[PDB]
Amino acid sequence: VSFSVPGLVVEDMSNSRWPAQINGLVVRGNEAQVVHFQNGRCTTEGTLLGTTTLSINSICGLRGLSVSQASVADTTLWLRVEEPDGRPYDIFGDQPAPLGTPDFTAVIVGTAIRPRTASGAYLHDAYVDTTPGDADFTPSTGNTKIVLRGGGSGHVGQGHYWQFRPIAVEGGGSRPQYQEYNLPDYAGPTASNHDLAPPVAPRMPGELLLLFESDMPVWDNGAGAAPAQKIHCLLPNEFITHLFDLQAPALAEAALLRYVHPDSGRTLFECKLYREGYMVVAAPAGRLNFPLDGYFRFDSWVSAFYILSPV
């Protein structure tokens, strides 16, 4: 099985850590906080890592059956968390958390949805605090908490299927900071993480990480004063499904890709997609100034010692 990458242009593709179109290409330096994404992790061989799911609608979310408090103004909701396919989450399995679980610290605003109940369907505005400031973000233990904002009393009875779907993160002066590079405590304050997908840092000199950018919406209680935000991922969802389906064996540490712009009738730049599923370019940190209507094309397998032409 010969290797290949999707022929879709970048602005057609989507973020694998957040529900959004890709609208930017940026190069990140080797900052103190190392990239440790749990979502959007796929090898060139199509091996999924961390909490990565192929179900785009399950990304950065929680779903499962409601349960009572004792079994574990606003209204609290308790879920026994499960996988996107509906099968139960394996506590002592090979994952730090259920697939699609948020992989960063913030207060995440969104909707709590109870779609199938015979007594009638329900939804309400909700938020999930994934910072260590909240003791009850514990999806690694099999249960987690969701807060229904301003209402929801009488609707959180046990035995019903719920979903939390993300809309935005909180911003503003006295709200918890949104830190997309900061991994949460999946097991809460009392316990440790396990089976995390490995850190991403370029080994070779002169090679920096290339990230796919999206806008990150911000909630500030209707003020409209909080500063605009971004969120990033190693590979687009369309890349991940392509590789997973293909299951092509890696023939070298990296695949040399060229970014091809039909209008310009030429290649604009080239990059290295490493076996571990991240891209690098010989370029300094910061936003790349290229049109997003170009696509990546695979040309050959190269070693880690291959010297890229500057961007």
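Residue numbers here begin at 1 and follow the sequence given.
In the record comparison, residue 73 is unmodelled in at least a third of the other entries of this protein that model the residues flanking it.
In the deposited sequence, the stretch from residue 72 to residue 73 hides 10 or more residues that have no coordinates.
Mean CA B-factor, 81 to 89 versus 171 to 179: the higher value falls on 171 to 179. Averaged over Cα atoms, the B-factor as recorded in the entry is higher for 189 to 197 than for the other of 189 to 197 and 209 to 217. Listed residues 110, 102, 96, 157 were ranked by CA B-factor as deposited; 157 comes out on top. Residue-level inspection of the entry shows that, of 229, 163, 237, 138, 138 has the top Cα B-factor. Split the chain's modelled residues into thirds by C-alpha temperature factor. Residue 126 is in the middle one. Ranked by Cα temperature factor within the chain, residue 266 sits in the highest third according to the deposited record. Among all modelled residues in its chain, residue 53 ranks in the lowest third by Cα B-factor. Looking at the C-alpha B-factors along this chain, the one for residue 39 belongs to the lowest third. Among the modelled residues of the chain, residue 311 sits in the middle third by CA temperature factor in this PDB entry.
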